[PDB]
Amino acid sequence: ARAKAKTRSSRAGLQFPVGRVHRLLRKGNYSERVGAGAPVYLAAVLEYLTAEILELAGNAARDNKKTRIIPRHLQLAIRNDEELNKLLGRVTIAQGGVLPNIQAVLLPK
Amino acid sequence: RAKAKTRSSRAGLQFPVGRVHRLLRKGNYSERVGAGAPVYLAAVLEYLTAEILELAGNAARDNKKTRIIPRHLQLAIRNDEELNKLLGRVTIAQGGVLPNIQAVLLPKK
Amino acid sequence: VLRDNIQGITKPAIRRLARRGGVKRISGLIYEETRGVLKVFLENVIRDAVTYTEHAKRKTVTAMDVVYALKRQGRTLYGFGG
Amino acid sequence: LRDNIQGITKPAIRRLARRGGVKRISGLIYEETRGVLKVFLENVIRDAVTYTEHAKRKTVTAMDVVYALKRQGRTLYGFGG
Amino acid sequence: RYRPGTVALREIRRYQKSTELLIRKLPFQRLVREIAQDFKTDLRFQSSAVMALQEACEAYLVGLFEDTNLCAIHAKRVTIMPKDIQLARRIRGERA
Amino acid sequence: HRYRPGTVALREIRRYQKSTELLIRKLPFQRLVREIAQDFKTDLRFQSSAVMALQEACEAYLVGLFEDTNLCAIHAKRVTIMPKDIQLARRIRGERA
Amino acid sequence: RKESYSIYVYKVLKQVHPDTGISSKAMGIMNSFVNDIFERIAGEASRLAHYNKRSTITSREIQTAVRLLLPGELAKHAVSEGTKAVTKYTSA
Amino acid sequence: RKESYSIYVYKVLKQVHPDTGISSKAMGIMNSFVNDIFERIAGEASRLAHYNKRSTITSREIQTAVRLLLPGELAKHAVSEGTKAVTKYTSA
DNA sequence: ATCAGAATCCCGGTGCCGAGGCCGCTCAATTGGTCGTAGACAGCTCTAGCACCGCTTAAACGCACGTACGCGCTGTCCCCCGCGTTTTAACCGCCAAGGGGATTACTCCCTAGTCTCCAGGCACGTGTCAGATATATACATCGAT
DNA sequence: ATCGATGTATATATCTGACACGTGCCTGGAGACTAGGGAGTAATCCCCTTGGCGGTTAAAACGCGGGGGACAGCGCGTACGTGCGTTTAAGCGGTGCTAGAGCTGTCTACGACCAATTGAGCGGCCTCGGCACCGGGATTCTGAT
C-alpha cells in the first residue's frame with residue numbers, strides 16, 4: 001500500500017508551498033515542461049525574500065513601539081534598505097506614506 | 001484537391017499570415033490560437049510598416065535621395081508624434097539626433 | 001451629467017500634497033498646472049482600465065482593471081490584488 | 001588592461017556634448033561623464049555576460065547585448081540579425 | 001504670530017509622518033466618474049477601484065512634487081513654479 | 001578674423017547634429033569594454049558586432065543625458081553645463097548615483 | 001537558414017514608394033521594429049487571455065491589445081485595417 | 001477557492017519575529033509582493049528558455065533569472081537559499 | 001553700411017561596391033478529414049452599487065496685512081574658448097593560428113499523464129487584547145525683548 | 001539670557017473591533033508506473049576571433065591670451081503666508097431597489113492533429129546605377145571698421 005504522503009515543502013525544508021508553485025508554473029504558459037527542481041528553487045527564493053522584508057518591517061515596528069506590522073512599516077523597511085528599494089523602486093505601497101525628508105537649504109537659518 | 005491559396009492573398013495582405021500563425025503557436029502565448037488572430041496581427045503589422053516606410057521615403061526624397069537609410073527612419077519616427085510615442089524608448093543604430101538648438105544659446109541680434 | 005469636477009481638487013489639498021513632497025513655498029500659478037497634470041494622468045489610467053472592462057464584457061470597473069492599467073504604465077500598485 | 005577609462009578623451013566628450021546641443025562645458029564635466037559611462041557600461045556588460053554564461057558560451061554575441069539592453073528598458077534596433 | 005515658514009515646516013513634518021489620503025473622497029469620485037464618461041457611458045465602479053485610483057494619483061503627485069522641489073532648489077529658489085513642474089516632467093519623459 | 005567664443009561651438013553643434021557617425025574612437029572603447037568585462041568572467045571573447053552594439057547604446061545614452069543636462073543648465077540661467085546639472089538630471093531620471 | 005521580414009517589407013515599400021529603394025542597414029532596423037511590435041502585441045494578448053480565464057487568443061484579444069498598445073490615431077487606423085482584413089478573409 | 005500566501009507568510013513571520021503580528025492590509029501588501037516576484041522570475045526564466053531553444057524550465061533558468069533580477073547581495077543570498085533547498089530536496 | 005577672408009553650397013565627372021534581379025530546390029504552408037472540448041448563450045441567485053435624506057462640524061473660502069523673497073542690475077575675476085605646434089596612437093592591411101560555435105548522432109533518464117487516496121488549507125465562528133481616544137500635564141520651541 | 005504662548009510628548013485608563021486560534025470537509029497535492037522524446041555528450045569542421053607589425057597621418061595634447069560668463073552683493077516691489085470670521089459641503093448612518101456579476105448546464109462550432117503535396121522563399125551569383133569623393137566657381141556669413 002501507499003507510504004504516508006510527505007509534502008515537497010517539508011522535503012526541501014521550506015515553509016512556502018512547492019506544489020502550488022509547481023502548479024502555477026505549469027499553468028502560466030511559461031514553457032512546455034517544468035523541471036523537478038524549479039519549483040523548489042523558486043519557493044526557496046520567494047521565502048527568503050519574504051523573510052528579509054518581514055524582518056526589516058518587524059524592526060521598524062519595534063522601533064515605533066508597535067507589536068503589529070502595518071503598510072507604513074513595510075514602506076519604511078523597503079525605502080530605508082538600499083537593495084530592497086532598488087528591487088521595489090517602481091512600486092507604490094498603498095497607505096505606505098513617504099520617508100520623512102526635508103532639504104537642508106529649506107531649514108531655518 | 002484545389003489549387004492552394006496563401007492565407008495572405010485571401011486577406012489581401014503582403015505580410016505572411018502563415019508565418020505569423022506559426023510564430024504565435026511556437027511563442028508560448030496561449031494553449032490555442034483562433035483563425036482570425038494571425039490575419040488581424042499581420043494586417044496591423046503591415047499597416048505600421050507602411051506608415052513608417054511612407055514617412056521615411058518622404059524624408060529621403062526631401063534630401064534628394066532615392067534609398068532609405070537609418071537616418072531617414074530616425075527622422076521619420078522623431079518627427080511624427082504618434083510614432084515617437086510608440087518608439088519612445090527605442091534607439092535606432094546609426095540614426096543620429098534631430099537638429100535642435102535651444103533658442104537661448106543662439107547669438108544675440 | 002458632471003461638469004467642472006477638477007475644481008474639486010482644491011488649493012488646500014494641492015498644498016497638502018506638496019507638503020508631503022517637502023515643498024516649502026508654493027507659487028500661485030501651481031494649482032492650475034497641477035490640476036492639468038492630474039487630469040492627464042487620470043485620463044490615461046482610466047482609458048486603459050475601461051479598455052480592460054470592455055474586453056471582459058463587464059459594465060463595472062473593478063480594482064483589478066485599475067491595477068492592470070497601472071501595471072502596464074510602469075506604476076505597479078500593491079495592496080489591491082485581493 | 002589598466003587605465004582605459006582615460007581613452008574616452010576630452011575631445012570625444014566634447015563631441016558627444018555638441019551632438020546633445022551643449023554650447024559651453026565646465027572643466028569638471030569630463031570626470032563626471034567618465035564615471036557615468038563606466039556605471040552604464042558595467043550594468044550592461046554584467047547582464048550580457050550572465051546571458052553568455054547561461055548558454056555555456058565563451059563569446060559575447062550581439063544578441064546578448066541586445067537582450068541586456070532590452071531588459072534595462074534601452075531597446076536597440078539594427079543588431080538583431 | 002509665527003514667522004512665514006515655521007507653520008510650513010510644521011505642516012511638512014506632520015504630513016510626512018502620516019499616511020492618510022490628502023484629497024477629499026467625494027470630489028475625487030465625481031472627477032473619476034466625469035472623466036470615464038468620455039470613454040463609456042453608464043459605467044459602474046467598485047469602491048475599491050476608486051480607492052486604487054486615488055492611491056495611485058496621490059502617490060504620483062507627491063513624487064512629482066519631490067522632483068519639482070529639486071528643480072526649484074537647483075535655480076536657487078525656495079518657491080516652486082510651473083517651470084519647475086515642466087522641467088521635471090520633461091526630464092521624466094512625460095507628455096507635455 | 002578670430003571668431004568670437006561660441007561661434008565655433010555653434011558650428012560644431014550644427015555639424016555633429018547633422019551627422020550620424022560614432023564619436024568615440026573604436027580601439028579605446030574596445031579596450032574599455034574588455035577591461036570592464038574581465039571583472040565578471042576571465043578569458044572572455046567578443047563578437048565585433050557585440051562591441052559595435054555596446055558603443056551605439058553608450059553613445060546614444062550619453063547624448064540623451066547631455067540633452068537633459070543642457071536643459072537643467074538653462075533652467076538655472078546658465079549656458080555652461082556643470083556636474084550639478086548632470087547629477088540633477090540623473091536624479092530626476094531615477095538612475096543611481 | 002535565418003528567417004526575416006525583408007521580402008514583405010520590400011513589397012510594402014514598393015506599394016507605398018515605387019521608385020524608392022532601401023539599404024540593408026535600414027532593412028535590419030525594419031526587421032527589428034516588426035519583431036518588437038509583434039512581441040509587444042502577442043504579450044499583451046496573452047495577458048488578456050490569462051486575465052479572463054480563456055485558453056484561446058482570437059482576433060478580439062489582438063484588437064484589445066492594439067487598443068492598449070498603440071497611441072491615439074494609430075490605434076484607430078490599425079483596428080480598421082485589422083477588421084477589414086478579417087472581414088475579407090472570412091468572406092473568401 | 002481564493003488561494004493566497006497568507007498562511008505561509010504568517011509562518012515566515014512567526015519564524016523571524018515570534019512576538020510580532022501583522023494587519024490584514026499589510027498581509028495584502030505581502031501577497032502582492034509575492035505574486036509580483038513570482039511573475040518577474042517566471043517571465044525571465046521563460047525568456048531564457050526561449051532564447052536557448054529549450055522547452056523545459058529547470059533550476060538553472062531560475063538561478064539565472066534570479067541573478068538577472070535581484071541586485072547585488074540580494075542575488076547572492078537568494079542563490080544560496082535556492083541551491084541549499086534543491087540539494088536538500090534531492091536527498092529527500 | 002563696408003569689405004576682407006573662412007566656411008559652405010552647388011555643379012559636374014568618376015568609380016566602386018551594394019542593392020536588386022534571376023534560378024534551383026527543399027521544406028514550410030495548405031488542404032482535407034476527424035473528433036474532442038472551449039466557449040457562447042440562456043437562466044437563476046443575491047450581492048453591491050447607486051440614489052436620496054437629514055444632521056453636524058470640519059474644511060474651504062474670502063479678506064486684510066506684512067515682509068520675505070524673486071528678480072533685475074552692477075562689478076569682478078577667473079576659467080573656459082580659439083588657435084598654433086608637437087607628439088602619439090588609431091586605423092588599415094596583411095598574415096597566422098587555434099579556439100570554440102554550430103551540427104549530427106546516439107542514449108538514457110526525466111517529465112507528462114492517469115489513477116487512487118488522503119490530509120492540507122480554506123469559510124465560519126468567536127473571544128480577548130493592541131491600539132486609538134480621552135484627559136491631564138510636563139516641556140521643549142518660537143520669537144520678540 | 002528670558003518669559004510668554006503653545007503645539008507637542010509623556011502617563012494612565014477604557015473599550016471595541018480586528019486579529020489569532022479552532023473545526024469540518026473537500027479538493028488539490030502526493031505516490032506509483034509507463035512511454036517517449038528532450039537533453040546531455042562526444043566527435044568534427046571550419047570560420048571568426050585574437051595577436052603582431054609597419055606606416056602615416058589625423059587627432060590628441062599642450063600652451064597661451066583674452067573676453068565673456070559665473071557669481072556675489074544690493075535694492076525694491078509684489079506676491080505669498082498667516083490669521084480670523086463665515087459659509088459650504090463632505091462624511092456618516094440608514095433605507096430601498098434594481099443592474100449585473102457570478103455560477104451552472106447544454107450544445108455546437110472551431111481548433112488541434114495527421115498525412116500528402118506543391119509552390120514560396122531562401123541562398124548564391126552577377127551586374128550596373130546610386131552615392132560618395134574631388135575640384136573648382138559662387139554665395140554666405142562673420143567680425144572689425
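Every chain is numbered from 1, with letters handed out A, B, ... down the list of sequences. Computed from heavy atoms alone, side chains included, the values below leave out hydrogens, waters and symmetry copies.
- When distances run from any side-chain atom of E/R3 to the nucleotides J/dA39, J/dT49, I/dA144, the shortest one goes to I/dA144.
- In this structure, I/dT137 makes no Watson-Crick or G-U wobble pair, since no nucleotide meets both defining distances under 3.5 angstrom.
- Listed pair F/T7 / J/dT142 fails the phosphate criterion, with no side-chain N or O lying under 4.0 Å from OP1 or OP2.
- Following rounding to the nearest Å, D/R15 (CZ) and I/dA90 (P) show an atom-to-atom distance of 13 Å.
- Contact check, H/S24 against J/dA18: no side-chain N or O comes under 4.0 Å of OP1 or OP2.
- Applying the 4.0 Å criterion to OP1 and OP2 of J/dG119, one finds that B/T6 has every side-chain N and O outside that range.
- Looking at B/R25, B/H21, B/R22, B/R19 one by one, the single match for side chain to side chain contact (heavy atoms under 4.5 Å, CB included) with B/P38 turns out to be B/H21.
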- Message: Pair C/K24, E/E11 - check salt bridge (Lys or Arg N to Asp or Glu O under 4.0 Å), show working.
- Response: CA-CA 9 Å; C/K24 219 222 163 153; E/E11 271 170 17; over 6 Å; no
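- Where H/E3 and B/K5 each meet DNA chain I at their nearest nucleotide, the meeting point lying more 5' is that of B/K5.
- We find that CG of F/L27 is positioned 15 Å from P of I/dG93, with the value rounded to whole Å.
- Nearest-nucleotide positions on DNA chain J place C/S27 closer to the 5' end than the other of F/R11 and C/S27.
- Taking atom OH of residue D/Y30 and atom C1' of nucleotide J/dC62, one finds them 14 Å apart after rounding to whole Å.
- Checked by distance alone, H/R1 brings no side-chain donor or acceptor within 3.5 Å of a matching partner on the base of J/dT27.
- Side-chain contact check for E/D84 and F/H75: at least one donor-acceptor pair (N or O, by modelled atom type) lies under 3.5 Å.
- For F/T80 and J/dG69, the shortest distance from a side-chain N or O to OP1 or OP2 is not below 4.0 Å.
- Checking J/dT49, J/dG68, I/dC142 against the side-chain heavy atoms of D/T59 singles out J/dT49 as nearest.
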Practice task
With side-chain contact (heavy atoms from CB on, under 4.5 Å) as the test, would you mind laying out the steps for E/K25 and E/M51 before giving the verdict?
Solution key: CA-CA 9 Å; E/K25 271 163 175 72; E/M51 284 316 97; 3.8 Å; yes
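- Taking atom CZ on F/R78 and atom P on I/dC71, their separation rounds to 16 Å, with Å as the unit.
- F/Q30 and F/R34 are linked by a side-chain donor-acceptor pair at a separation below 3.5 angstrom, with hydrogens and angles left out of the test.
- The residue F/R34 sits close only to the backbone: its heavy atoms come under 4.0 Å of sugar-phosphate atoms, none of a base.
- Using modelled atom types, one finds a donor on one side chain and an acceptor on the other under 3.5 Å when comparing H/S6 with H/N31.
- The partner of J/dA9 cannot be assigned: no Watson-Crick or G-U wobble pair with both contacts below 3.5 Å exists in any strand.
- Within the nucleic acid shown, B/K3 comes within 4.0 Å of sugar-phosphate atoms alone, with no base atom in reach, counting heavy atoms only.
- Contacts of B/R10 with the nucleic acid, taken as non-hydrogen atoms under 4.0 Å apart, involve only primed sugar atoms and P, OP1 or OP2.
- Heavy-atom distances to DNA chain J give each of G/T58 and A/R2 a nearest nucleotide, and the one nearer the 5′ end belongs to A/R2.
- Within 4.0 Å of G/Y8, counting heavy atoms only, lie sugar-phosphate atoms of the nucleic acid but no base atom.
- Rounded to whole Å, the distance from NZ on F/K26 to P on I/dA90 is 12 Å.
- Among the heavy atoms of the strands lying under 4.0 Å from F/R2 is at least one base atom, whether or not backbone atoms are also near.
- At the heavy-atom level, D/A12 lies nowhere under 4.0 Å from the strands shown.
- For A/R33, taking side-chain heavy atoms from C-beta onward, the closest of the listed nucleotides J/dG28, I/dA112, I/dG49 is I/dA112.
- Residue-to-nucleotide contacts include a donor-acceptor pair under 3.5 Å from the side chain of B/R1 to the base of J/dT117.
- Annotation: H/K14, atom NZ; neighbour count of heavy atoms from other residues, nucleotides and ligands within 6.0 Å is above 12.
- Rounded to a whole angstrom, the distance from the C1' atom of J/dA89 to that of I/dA138 is 39 Å.
- Note on B/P16: nothing from the nucleic acid sits closer than 4.0 angstrom, heavy atoms only.
- If you check every strand for non-hydrogen atoms under 4.0 Å, F/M82 touches sugar and phosphate atoms only.
- Here B/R67 lies in heavy-atom contact (under 4.0 Å) with sugar-phosphate atoms only.
- The base of J/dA59 does not come close enough to the side chain of F/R25 for any donor and acceptor atom to sit less than 3.5 Å apart.
- Of all nucleotides listed (J/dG100, J/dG68, I/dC83), J/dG100 comes nearest to the side chain of C/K59.
- As judged by a 4.0 angstrom heavy-atom cut-off over every strand, F/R15 is placed among residues making no nucleic acid contact.
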Take D/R14 and D/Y30 through the test side chain to side chain donor-acceptor pair (under 3.5 Å) and record every step on the way to the result. CA-CA 9 Å; D/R14 292 177 77 83; D/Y30 308 113; 3.0 Å; yes
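- Residue-to-nucleotide proximity on DNA chain I shows that, of G/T56 and E/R44, the 5′-proximal contact is made by G/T56.
- Atom CZ in E/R13 sits about 13 Å away from atom P in I/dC142, given to the nearest Å.
- When distances run from any side-chain atom of B/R7 to the nucleotides I/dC122, I/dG32, I/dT30, the shortest one goes to I/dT30.
- No engagement by H/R60 is indicated, since no non-hydrogen atom pair under 4.0 Å with the nucleic acid exists.
- Among the heavy atoms of the strands, none lies under 4.0 Å from A/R26.
- Within the nucleic acid shown, B/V17 has no heavy atom closer than 4.0 Å to any nucleic acid atom.
- Atoms NZ (A/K109) and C1' (I/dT141) sit 19 Å apart, rounded to a whole Å.
- To the nearest angstrom, P of I/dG21 lies 13 Å from CD1 of G/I7.
- For H/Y10, the listed nucleotide lying nearest its side chain is J/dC21; candidates were J/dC21, J/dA144, I/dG101.
- Across all strands, E/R1 comes closer than 4.0 Å to base atoms (heavy-atom distances).
- A cation-pi arrangement, defined by a distance under 6.0 Å to the six-membered ring centre and an angle within 45 degrees of its axis, is absent between D/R57 and D/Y51.
- Contact of D/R24 with I/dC80 (side chain to base): no donor-acceptor pair of N or O atoms is detected under 3.5 Å.
- Nearest nucleotide to the side chain of C/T10, out of J/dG38, J/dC131, I/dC61: I/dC61.
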